[PDB]
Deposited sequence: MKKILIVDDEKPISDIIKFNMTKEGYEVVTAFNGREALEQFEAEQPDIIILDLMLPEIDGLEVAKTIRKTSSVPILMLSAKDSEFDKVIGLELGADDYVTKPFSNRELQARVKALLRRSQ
């Protein structure tokens, strides 16, 4: 399976990339909203891990949902009700906060792919 990690912090992007590669996923990366959209169209990932804050995540997920039902897992340091709810309502299938557990992230990615 192919995962697109949309994350503007190269340290976090590398941790997720390393862990998904170890699990046997193919990884493509993007570091802003424009790159996320280009990678999305060109690579057709099976799942996207999308941070909410990008050079926004809300906007990327909105435009994606115009054409695609690809599962989106939103990742963010923002952990209030309002953040989670508006990520889910704007199309996220799931919303995990940072810092996260590597094993939980993996379990939640598999649960998204299982249902999809």
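*Asks:* List the gaps, meaning deposited-sequence segments with no CA coordinates, ordered along the sequence.
*Replies:* Counting from residue 1, the stretches without coordinates are 1, 57-58, 120.
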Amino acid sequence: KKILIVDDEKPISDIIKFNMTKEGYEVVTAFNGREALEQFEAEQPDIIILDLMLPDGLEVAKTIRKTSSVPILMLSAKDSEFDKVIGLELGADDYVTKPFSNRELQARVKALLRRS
From here on, numbers count along this sequence of modelled residues.
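Note that the rigid core is defined as the largest set of C-alphas that superpose within 1.5 Å between two forms.
*Asks:* Please indicate which stretch deviates more in 8 other deposited structures of this protein: 30-38 or 44-52, judged by C-alpha RMS distance after a core superposition?
*Replies:* Checking 30-38 against 44-52 in 8 other deposited structures of this protein, I find the farther stretch is 44-52.
*Asks:* How does the C-alpha B factor of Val109 compare with the rest of the chain: lowest, middle or highest third?
*Replies:* Tercile = lowest for this residue's CA B-factor.
*Asks:* Consider only the C-alpha atoms of the modelled residues in this chain, order them by B-factor as the entry records it, and name the third containing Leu58: lowest, middle or highest.
*Replies:* Highest third.
*Asks:* Among the chain's modelled residues, which third holds the C-alpha B-factor of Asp93?
*Replies:* For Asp93, the deposited C-alpha B-factor lands in the lowest third.
*Asks:* Against its chain's modelled residues, does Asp83's Cα B factor rank lowest, middle or highest third?
*Replies:* Middle third by C-alpha B-factor.
*Asks:* Would you mind checking where the Cα B-factor of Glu43 ranks among the modelled residues of its chain, as the lowest, middle or highest third?
*Replies:* Answer is middle: the recorded C-alpha B-factor places it there.
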